[PDB]
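I have placed the structure first, in the form of structure tokens, so that the comments after it can refer back to it.
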Amino acid sequence: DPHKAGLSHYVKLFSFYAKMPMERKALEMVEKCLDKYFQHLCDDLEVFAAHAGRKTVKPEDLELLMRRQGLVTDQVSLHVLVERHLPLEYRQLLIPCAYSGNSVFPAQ
Amino acid sequence: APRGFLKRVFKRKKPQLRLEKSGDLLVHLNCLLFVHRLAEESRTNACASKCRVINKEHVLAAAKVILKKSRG
Amino acid sequence: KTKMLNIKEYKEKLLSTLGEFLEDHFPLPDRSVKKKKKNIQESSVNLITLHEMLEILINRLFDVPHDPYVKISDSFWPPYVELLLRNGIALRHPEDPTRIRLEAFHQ
Amino acid sequence: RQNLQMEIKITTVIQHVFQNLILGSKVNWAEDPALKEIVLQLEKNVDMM
Amino acid sequence: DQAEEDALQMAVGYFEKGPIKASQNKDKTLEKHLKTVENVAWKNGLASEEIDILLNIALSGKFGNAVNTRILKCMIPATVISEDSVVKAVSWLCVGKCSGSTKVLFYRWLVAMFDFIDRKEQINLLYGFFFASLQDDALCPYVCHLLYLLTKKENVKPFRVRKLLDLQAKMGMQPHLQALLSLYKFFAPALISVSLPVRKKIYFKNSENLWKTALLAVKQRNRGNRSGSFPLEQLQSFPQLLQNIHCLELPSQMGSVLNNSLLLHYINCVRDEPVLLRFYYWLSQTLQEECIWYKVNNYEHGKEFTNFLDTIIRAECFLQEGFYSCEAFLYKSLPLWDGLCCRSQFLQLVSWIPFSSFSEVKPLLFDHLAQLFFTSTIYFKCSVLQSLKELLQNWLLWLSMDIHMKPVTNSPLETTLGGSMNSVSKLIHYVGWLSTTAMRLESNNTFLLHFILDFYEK
């Protein structure tokens, strides 16, 4: 199933982070944990979108979600996590960079 | 990031919400840190109970702490 | 004695090259930007030239080698920090990512 | 000799910062031949110069 | 070929003006001009000024992604390629209007056309931009093959050690990164503190597969005064040691002295004391542990022991003095030898022993030789006198020139030559006592009598 093969990339990230071999029904607990976390990801964004009165997800509610989970604090920002955990193609499209003529290619 | 897969998750669960360009990269940045906070507590619960193989209750005790911080 | 006076003449040629490349291509940034249709809040601390930003970073590292850490304040701009971080010029501290330093390339 | 061993390190750090400043600026440097001479000069170390 | 050339002159002249506005014939005209790229280059080739125009357009992104990748696949040059075309093509990639798969086919063009460029001055001066393309992960085997072919001694830098050890810690073991550090240990071993394996790997594209490269070029992997010392391994042939003999270092073992004949020239003119004592400490342990009767009677190890003694008898003749290990082994093996089992390699080992006193040789050699001389066969009796006539060669060769090379002692040398007079006159009268007694044993055979008179020819 394409929902099973799409979550299996995060199964292999779960085997890479723990650095241990994992039992098969224990990995079925992780695939039920990621199914209810993605349900709770969609539940937290619809509270954040109906507070502003819109149906299109803006990135500042994604900035507000890591501040309430403790991932982004006063000393660790959102731009720290992109430049250390994501590659060069994803660093270009997200973080604004400075170029010649004061031009920004992700222009806001 | 599986950007083709994250459009299939967001439409089958809630078919009324739209996502812009590069908004799923912060969804993938959330999901890289969610598994890393799940595997850190599962390493903590395995080394405290002196058991090398991570059992189902070590995942379930990590599911009561990390998912509790996700709701707000 | 001749070759130590030669490399100072290669230094003052390069600092004139550093002064002319950054002036004609990287101007003074304006804080009165994105003012159409919104009102975004900024502070009253004026931004400076990136040639003046790199003059502090070569005076912090080369004078006191035991402390190259520079606190990110309102005088800096975060795409000017990102231009020093993408090519590997500057590096942040791993225990606290609010202090930047000039990474030396000799080891 | 202490001034030489610090100015070789200063020359190495500034010549390896300034080439990444050329690369990060996204400026076509091939149209200027003197700037092309500066870019072909930046590879040479203190043993060649 | 002129009509194929004149169709190319209107195709390059159309491409240098870029896209022409107010004309909706771009699906037919420049597609036909893209078809003139192949059939000139697959049959005849292009000049050096025609490469320089078409490379600057395809790396700037004028006609899109699908047009610029089809130019880079099928170009074949016929003349030399200037280095100024390589300098400008990096600067069009520094603009940033280029895609990902177009940078793959540009990097594969510099691999295959590396041997057709004889100007490698300004290509080596772009090495700082060539190292800084390692931030892209999709180009990472394509960058490191260009980093392999353009590395000098000054290009090995310690911060470039530091970044590639960080890339080893993040994304693991890759064969393009281990082969790049293998050249860095081949150039400057002192800058890297992490040791590498030395296993047999091909490391790259090699072993002459240029037809397999061209079949995979269509659609495959294009989508994502010096007082120091001189090193011993840089001596390839004869005139490299003739220019540097006054600065030669010491090796890590003394077993490689017998392997190289260039190291045998170093022993001929150096009379240093610890370089001869360490050669005594190795080869005395070689002849003792790896001998014949200390083993479990293997014929294959005795063949390698026969091949090792062929190295010794050519080294003693090239030096013209015997080794101090070799006469010490014959002090302990002549009571333990019977008369067979590589007799010819053992009787030539006694033939190149240097000169000593007569009273020291006769309890250790001449008693144990005469116990086997009168009792073995007559082919052994002829091979003793062939060994002693070569022993009478090299002992009288040293005594003929020992008078010449000694002006140091102010005493007269007639006591030393008179002390060397009775050492060699009792030598010939002992073998002359061996000759007139063994004649009585075989009772006048002429086959022994030919080799007695060959001993008195000396």
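Letters A, B, ... mark the chains of the structure tokens in the order given; residue numbers begin at 1 per chain; ligand numbers begin at 1, in order shown.
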Mind running chain C against chain E at 12 Å and telling me each contacting residue's nearest atom pair with the distance in Å (one decimal), counting only C-alpha atoms, chain and number ascending, as a Markdown table?
```
| residue | atom | partner | partner_atom | distance |
| --- | --- | --- | --- | --- |
| C:85 | CA | E:135 | CA | 11.9 |
| C:86 | CA | E:135 | CA | 8.8 |
| C:87 | CA | E:132 | CA | 7.8 |
| C:88 | CA | E:132 | CA | 9.2 |
| C:89 | CA | E:132 | CA | 11.5 |
| C:103 | CA | E:159 | CA | 10.3 |
| C:104 | CA | E:159 | CA | 8.8 |
| C:105 | CA | E:159 | CA | 5.6 |
| C:106 | CA | E:159 | CA | 6.2 |
| C:107 | CA | E:158 | CA | 4.8 |
```
Mind dumping the selected residues with N, CA, C and O atoms as an mmCIF file, in the first residue's frame?
```cif
data_model
loop_
_atom_site.group_PDB
_atom_site.id
_atom_site.type_symbol
_atom_site.label_atom_id
_atom_site.label_comp_id
_atom_site.auth_asym_id
_atom_site.auth_seq_id
_atom_site.Cartn_x
_atom_site.Cartn_y
_atom_site.Cartn_z
ATOM 1 N N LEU C 85 27.325 31.611 6.379
ATOM 2 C CA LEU C 85 27.135 30.244 6.853
ATOM 3 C C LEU C 85 26.943 29.224 5.737
ATOM 4 O O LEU C 85 27.190 28.034 5.965
ATOM 5 N N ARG C 86 26.496 29.648 4.551
ATOM 6 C CA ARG C 86 26.240 28.696 3.471
ATOM 7 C C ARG C 86 27.532 28.252 2.794
ATOM 8 O O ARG C 86 27.715 27.061 2.517
ATOM 9 N N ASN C 87 28.452 29.186 2.552
ATOM 10 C CA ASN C 87 29.732 28.878 1.929
ATOM 11 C C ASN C 87 30.775 28.381 2.923
ATOM 12 O O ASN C 87 31.883 28.023 2.508
ATOM 13 N N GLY C 88 30.456 28.351 4.214
ATOM 14 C CA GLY C 88 31.388 27.860 5.205
ATOM 15 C C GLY C 88 32.356 28.888 5.735
ATOM 16 O O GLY C 88 33.409 28.512 6.256
ATOM 17 N N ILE C 89 32.033 30.179 5.617
ATOM 18 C CA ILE C 89 32.921 31.228 6.112
ATOM 19 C C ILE C 89 32.840 31.321 7.631
ATOM 20 O O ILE C 89 33.852 31.213 8.333
ATOM 21 N N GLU C 103 35.718 31.183 11.254
ATOM 22 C CA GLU C 103 36.471 29.938 11.254
ATOM 23 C C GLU C 103 37.755 30.093 10.450
ATOM 24 O O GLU C 103 37.717 30.399 9.253
ATOM 25 N N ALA C 104 38.889 29.882 11.111
ATOM 26 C CA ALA C 104 40.181 29.972 10.450
ATOM 27 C C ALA C 104 40.475 28.689 9.684
ATOM 28 O O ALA C 104 40.098 27.594 10.111
ATOM 29 N N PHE C 105 41.149 28.827 8.548
ATOM 30 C CA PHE C 105 41.484 27.692 7.692
ATOM 31 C C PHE C 105 43.000 27.526 7.663
ATOM 32 O O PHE C 105 43.672 27.983 6.735
ATOM 33 N N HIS C 106 43.535 26.865 8.684
ATOM 34 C CA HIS C 106 44.941 26.486 8.678
ATOM 35 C C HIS C 106 45.200 25.127 9.309
ATOM 36 O O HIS C 106 46.366 24.742 9.426
ATOM 37 N N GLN C 107 44.172 24.390 9.717
ATOM 38 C CA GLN C 107 44.359 23.125 10.415
ATOM 39 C C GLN C 107 43.306 22.097 10.005
ATOM 40 O O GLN C 107 42.230 22.453 9.523
#
```
Legend entry - Check: which chain A residues lie within 8 Å of chain C using only C-alpha atoms, as a ChimeraX atom specification: /A:75-76,80,95-102,108
Export, as a PDB file, in the first residue's frame, the selected residues with N, CA and C atoms.
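Heads up, here's the output in part_4.pdb:
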```pdb
ATOM      1  N   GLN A  75      16.863  30.740  22.286  1.00  0.00           N
ATOM      2  CA  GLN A  75      18.249  30.537  21.889  1.00  0.00           C
ATOM      3  C   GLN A  75      18.411  29.669  20.650  1.00  0.00           C
ATOM      4  N   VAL A  76      17.442  28.810  20.347  1.00  0.00           N
ATOM      5  CA  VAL A  76      17.456  27.987  19.141  1.00  0.00           C
ATOM      6  C   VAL A  76      16.275  28.412  18.283  1.00  0.00           C
ATOM      7  N   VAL A  80      18.128  27.570  12.573  1.00  0.00           N
ATOM      8  CA  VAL A  80      19.170  26.656  13.034  1.00  0.00           C
ATOM      9  C   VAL A  80      18.881  25.237  12.548  1.00  0.00           C
ATOM     10  N   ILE A  95      15.271  29.451   3.718  1.00  0.00           N
ATOM     11  CA  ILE A  95      15.945  30.561   4.390  1.00  0.00           C
ATOM     12  C   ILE A  95      16.234  31.647   3.358  1.00  0.00           C
ATOM     13  N   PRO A  96      15.934  32.919   3.644  1.00  0.00           N
ATOM     14  CA  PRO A  96      16.351  34.000   2.740  1.00  0.00           C
ATOM     15  C   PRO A  96      17.856  34.226   2.784  1.00  0.00           C
ATOM     16  N   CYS A  97      18.448  34.365   1.601  1.00  0.00           N
ATOM     17  CA  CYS A  97      19.878  34.594   1.464  1.00  0.00           C
ATOM     18  C   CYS A  97      20.116  35.919   0.754  1.00  0.00           C
ATOM     19  N   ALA A  98      21.310  36.468   0.955  1.00  0.00           N
ATOM     20  CA  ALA A  98      21.693  37.746   0.374  1.00  0.00           C
ATOM     21  C   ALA A  98      22.581  37.531  -0.842  1.00  0.00           C
ATOM     22  N   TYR A  99      22.287  38.265  -1.916  1.00  0.00           N
ATOM     23  CA  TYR A  99      23.049  38.163  -3.155  1.00  0.00           C
ATOM     24  C   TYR A  99      23.356  39.557  -3.691  1.00  0.00           C
ATOM     25  N   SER A 100      23.795  39.638  -4.947  1.00  0.00           N
ATOM     26  CA  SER A 100      24.240  40.902  -5.522  1.00  0.00           C
ATOM     27  C   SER A 100      23.063  41.809  -5.857  1.00  0.00           C
ATOM     28  N   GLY A 101      23.219  43.096  -5.551  1.00  0.00           N
ATOM     29  CA  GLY A 101      22.140  44.047  -5.721  1.00  0.00           C
ATOM     30  C   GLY A 101      21.093  44.005  -4.636  1.00  0.00           C
ATOM     31  N   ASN A 102      21.438  43.413  -3.473  1.00  0.00           N
ATOM     32  CA  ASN A 102      20.552  43.110  -2.329  1.00  0.00           C
ATOM     33  C   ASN A 102      19.317  42.309  -2.746  1.00  0.00           C
ATOM     34  N   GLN A 108      10.195  37.763  -0.137  1.00  0.00           N
ATOM     35  CA  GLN A 108       8.968  37.863   0.644  1.00  0.00           C
ATOM     36  C   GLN A 108       8.321  39.234   0.471  1.00  0.00           C
TER      37      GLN A 108
END
```
Which residues of chain D come within 8 Å of chain A, and for each one, what is the closest pair of atoms and their distance in Å to one decimal, counting only C-alpha atoms, sorted by chain and residue number, as a Markdown table?
```
| residue | atom | partner | partner_atom | distance |
| --- | --- | --- | --- | --- |
| D:24 | CA | A:99 | CA | 7.1 |
| D:25 | CA | A:99 | CA | 5.1 |
| D:26 | CA | A:100 | CA | 6.5 |
| D:27 | CA | A:100 | CA | 6.9 |
```
Inset, instruction - Find the residues around residue 11 (chain D) up to 10 Å (only C-alpha atoms counted), leave out those fewer than 2 positions away in its own chain, and share them as a PyMOL selection string. - result: (chain C and resi 7-8+10-11+14) or (chain D and resi 6-9+13-17+45-46)
Would you output that residue set with C-alpha atoms, as a compact mmCIF listing (two decimals), in the first residue's frame?
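Final output, selection34.txt:
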```
# COMPACT_ATOMS: atom_id res chain seq x y z
CA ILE C 7 53.14 40.24 1.37
CA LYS C 8 51.98 43.48 3.00
CA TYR C 10 49.77 41.85 -1.46
CA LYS C 11 47.67 42.56 1.64
CA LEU C 14 43.70 42.60 -1.49
CA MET D 6 51.03 35.32 11.81
CA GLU D 7 50.75 37.17 8.45
CA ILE D 8 50.87 33.88 6.47
CA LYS D 9 47.87 32.74 8.56
CA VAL D 13 42.29 33.06 6.10
CA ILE D 14 41.48 36.21 4.06
CA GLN D 15 42.28 34.52 0.70
CA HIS D 16 40.02 31.61 1.65
CA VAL D 17 37.19 33.85 2.89
CA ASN D 45 49.85 30.24 -1.56
CA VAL D 46 52.83 31.83 0.22
```
Legend entry - Test item, strand (DSSP E or B) assignment across chain C, answer as a PyMOL selection string: chain C and resi 70-71+90-92+99-102
Keeping N, CA and C atoms, export the residues of the selection given above as a compact mmCIF listing (two decimals), in the first residue's frame.
```
# COMPACT_ATOMS: atom_id res chain seq x y z
N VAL C 70 31.10 36.29 18.48
CA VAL C 70 30.42 37.56 18.27
C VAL C 70 28.93 37.33 18.46
N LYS C 71 28.33 38.08 19.39
CA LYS C 71 26.90 37.99 19.66
C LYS C 71 26.09 38.62 18.53
N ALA C 90 31.63 31.51 8.16
CA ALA C 90 31.41 31.56 9.59
C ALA C 90 30.82 30.24 10.08
N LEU C 91 30.94 30.00 11.38
CA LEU C 91 30.34 28.84 12.03
C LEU C 91 29.77 29.27 13.38
N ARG C 92 28.63 28.68 13.74
CA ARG C 92 27.99 28.97 15.01
C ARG C 92 28.46 27.99 16.09
N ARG C 99 25.80 32.75 18.80
CA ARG C 99 27.11 33.38 18.74
C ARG C 99 27.86 32.86 17.53
N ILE C 100 28.29 33.77 16.66
CA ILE C 100 29.02 33.40 15.45
C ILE C 100 30.50 33.71 15.65
N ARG C 101 31.33 33.04 14.85
CA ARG C 101 32.77 33.25 14.89
C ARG C 101 33.32 33.05 13.49
N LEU C 102 34.50 33.61 13.25
CA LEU C 102 35.18 33.44 11.97
C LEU C 102 36.06 32.20 12.04
```
For the contact check between chain D and chain E, emit one row per residue of chain D within 9 Å, containing the shortest atom pair and the distance in Å rounded to one decimal, counting only C-alpha atoms, chain then rising number order, as JSON lines.
```
{"residue": "D:16", "atom": "CA", "partner": "E:128", "partner_atom": "CA", "distance": 8.3}
{"residue": "D:19", "atom": "CA", "partner": "E:128", "partner_atom": "CA", "distance": 7.6}
{"residue": "D:20", "atom": "CA", "partner": "E:132", "partner_atom": "CA", "distance": 8.3}
{"residue": "D:22", "atom": "CA", "partner": "E:94", "partner_atom": "CA", "distance": 8.9}
{"residue": "D:23", "atom": "CA", "partner": "E:94", "partner_atom": "CA", "distance": 6.4}
{"residue": "D:24", "atom": "CA", "partner": "E:94", "partner_atom": "CA", "distance": 8.4}
{"residue": "D:25", "atom": "CA", "partner": "E:94", "partner_atom": "CA", "distance": 8.7}
{"residue": "D:26", "atom": "CA", "partner": "E:95", "partner_atom": "CA", "distance": 5.0}
{"residue": "D:27", "atom": "CA", "partner": "E:95", "partner_atom": "CA", "distance": 6.1}
{"residue": "D:28", "atom": "CA", "partner": "E:91", "partner_atom": "CA", "distance": 5.7}
{"residue": "D:29", "atom": "CA", "partner": "E:91", "partner_atom": "CA", "distance": 6.4}
{"residue": "D:30", "atom": "CA", "partner": "E:88", "partner_atom": "CA", "distance": 5.7}
{"residue": "D:31", "atom": "CA", "partner": "E:88", "partner_atom": "CA", "distance": 8.8}
{"residue": "D:36", "atom": "CA", "partner": "E:87", "partner_atom": "CA", "distance": 8.7}
{"residue": "D:39", "atom": "CA", "partner": "E:126", "partner_atom": "CA", "distance": 8.1}
{"residue": "D:40", "atom": "CA", "partner": "E:125", "partner_atom": "CA", "distance": 5.7}
{"residue": "D:41", "atom": "CA", "partner": "E:125", "partner_atom": "CA", "distance": 7.8}
{"residue": "D:42", "atom": "CA", "partner": "E:125", "partner_atom": "CA", "distance": 8.0}
{"residue": "D:43", "atom": "CA", "partner": "E:125", "partner_atom": "CA", "distance": 5.5}
{"residue": "D:44", "atom": "CA", "partner": "E:125", "partner_atom": "CA", "distance": 7.6}
{"residue": "D:45", "atom": "CA", "partner": "E:154", "partner_atom": "CA", "distance": 7.7}
{"residue": "D:47", "atom": "CA", "partner": "E:154", "partner_atom": "CA", "distance": 8.5}
```
Export of prior selection with C-alpha atoms as a CSV table (one decimal), in the first residue's frame:
```csv
chain,number,residue,atom,x,y,z
D,16,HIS,CA,40.0,31.6,1.6
D,19,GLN,CA,37.0,33.4,-2.8
D,20,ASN,CA,33.8,32.2,-1.0
D,22,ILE,CA,33.1,35.8,-4.8
D,23,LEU,CA,31.2,32.5,-5.0
D,24,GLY,CA,28.4,33.5,-2.7
D,25,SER,CA,27.8,36.9,-4.4
D,26,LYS,CA,26.7,35.3,-7.8
D,27,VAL,CA,28.6,37.9,-9.9
D,28,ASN,CA,29.8,37.0,-13.5
D,29,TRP,CA,33.5,37.7,-13.0
D,30,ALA,CA,34.6,36.5,-16.5
D,31,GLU,CA,33.7,39.8,-18.1
D,36,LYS,CA,39.8,37.3,-13.5
D,39,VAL,CA,40.5,35.0,-9.1
D,40,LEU,CA,43.5,33.2,-10.8
D,41,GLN,CA,45.8,34.9,-8.2
D,42,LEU,CA,43.7,33.7,-5.2
D,43,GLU,CA,44.8,30.0,-5.6
D,44,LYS,CA,48.5,30.7,-5.1
D,45,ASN,CA,49.9,30.2,-1.6
D,47,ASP,CA,55.3,29.3,-1.3
```
Inset, instruction - Excluding residue 15 (chain A) and any residue of its chain fewer than 5 positions from it, enumerate the residues within 12 Å of it, using only C-alpha atoms, and give them as a ChimeraX atom specification. - result: /A:8-10,20-24,26-27,30 /B:35-36,38-39,42-43,54
